[PDB]
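Below, in structure tokens: the form deposited in one PDB entry, a single chain.
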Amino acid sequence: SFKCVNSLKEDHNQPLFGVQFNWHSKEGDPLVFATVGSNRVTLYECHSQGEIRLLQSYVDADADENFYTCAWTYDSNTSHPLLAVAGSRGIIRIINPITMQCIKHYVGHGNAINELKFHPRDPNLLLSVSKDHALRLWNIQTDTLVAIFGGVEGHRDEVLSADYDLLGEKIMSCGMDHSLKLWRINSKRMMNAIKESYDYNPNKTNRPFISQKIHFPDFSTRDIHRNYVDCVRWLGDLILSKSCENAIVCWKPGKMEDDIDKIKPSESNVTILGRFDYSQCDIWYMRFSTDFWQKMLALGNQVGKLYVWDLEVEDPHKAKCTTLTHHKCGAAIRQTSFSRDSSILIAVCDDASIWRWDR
């Protein structure tokens, strides 16, 4: 079980929209997590007796910047951790977490970036989702835009979230148009574009890097939720997604026995395997998270209550729920993050507060 061992508050007093533990931290090193809020990203180290040590922040030059998301990766030659952040300005910043120096930046999205995710098998492939209705896949080793996922049959409104499956062969995205869209990235076209992005060196060529424009998803559905879908994650071949209807739905494209890789773009069926209901969620922009092994699922509500579901059961609908409450924790929890070993759960709130729960 989890016990609340410490709380903290950031000086800006603005909501904290994101929190991510670094799952790429070396053995023996303390557990480190990043928070994003206001025009700032801050790093903290978790220590014994619930101590949370403040390290260093990156503060954006523009006081009007709002960071909405962050994600960790590592430098592909040195293994040193790297941190990517993005928000309202639509600029992806790659930060060296040691010195908090901005190493490089990527621009292209016509609007705010709602989420960043790194590929589970390739530390150089970064996915960004934006208010301009599109997803973008970048290669941060060669600084190239590999592909833009959107267009004529892509999202019709702001994209809120996206996730890669286990092998990083497909992406599921969701947003304000109420839809969930599947984009396969293991096609011959996408694997060739990724290979070409690695061979690109502008000092050694005259051509610009040609980005793929993917106008058609491999699956699309609006039958899961009746409002904006603001968070989606894969659970194997299954999908977990949530709207503002006080529920996380567990579902899969097609009929019960349909294989996810046999699903065609014209597939009109979905199968609901369960729904995890919870209380008091009226506001938009809340994220749920799973731990490294996907044994647990966590989500906070608008009054500081934490729900943790145990996914180590035969079928999704049998998930066991545990609730975590503290008399002082009363603001909306925007995101949670588990440490790689699942021994620590951090929750971040609307009042700039950070809450630590240890098993």
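Quick note: we count residues from 1 along the sequence shown, nothing fancier.
Entry-level comparison of average CA B-factors, 327-335 and 304-312, reporting the higher stretch:
Taking the mean B-factor of the alpha carbons in each, 327-335 is higher.
Quick check: 131-139 versus 266-274, which has the larger average CA B-factor in the record?
It is 266-274.
Residue of maximum C-alpha B factor among 281, 235, 125, 176, per deposited coordinates
The record points to 281.
At the C-alpha atoms, which of 84, 103, 231, 248 reaches the highest B-factor in this entry?
Out of 84, 103, 231, 248, the record gives the largest C-alpha B-factor to 103.
Going by the CA temperature factor in the PDB record, which third of the chain does residue 164 belong to: lowest, middle or highest?
As the PDB entry reports it, the C-alpha B-factor of residue 164 lands in the lowest third of its chain.
For residue 57, the third of its chain into which the C-alpha B factor falls
It falls in the middle third of the chain.
Could you tell me which third, lowest, middle or highest, the C-alpha B-factor of residue 49 occupies within its chain?
Its C-alpha B-factor, which the entry lists for residue 49, ranks in the highest third among residues of this chain.
With respect to C-alpha B-factor, does residue 75 fall in the lowest, middle or highest third of the chain as deposited?
CA B-factor rank for residue 75: middle third.
Using the B-factors in the PDB entry, rank residue 254's C-alpha atom against the chain and give the third, lowest, middle or highest.
Highest third.
Note that the form solved in complex with a partner chain isn't included here; everything after this is about it.
Non-hydrogen atom contact residue 20 with the partner chain in the bound PDB entry at 4.5 angstroms
Residue 20: no, not in contact with the partner chain in the bound PDB entry.
Classify residue 252 as contacting or not contacting the partner chain in the bound PDB entry by the rule of any non-hydrogen atom within 4.5 angstroms, answering yes or no.
It does: once the partner chain is placed as it appears in the bound PDB entry, residue 252 has a heavy atom within 4.5 Å of it.
Looking in the bound PDB entry, any heavy atom of residue 311 within 4.5 Å of the partner chain?
Looking in the bound PDB entry, residue contacts with the partner chain include residue 311, since a heavy atom lies within 4.5 Å.
Check residue 118 for me: does it contact the partner chain in the bound PDB entry (non-hydrogen atoms, 4.5 angstroms)?
Contact with the partner chain, no.
Counting any non-hydrogen atom inside 4.5 Å, which residue from 263, 172, 235, 231 sits next to the partner chain in the bound PDB entry?
In short, 235.
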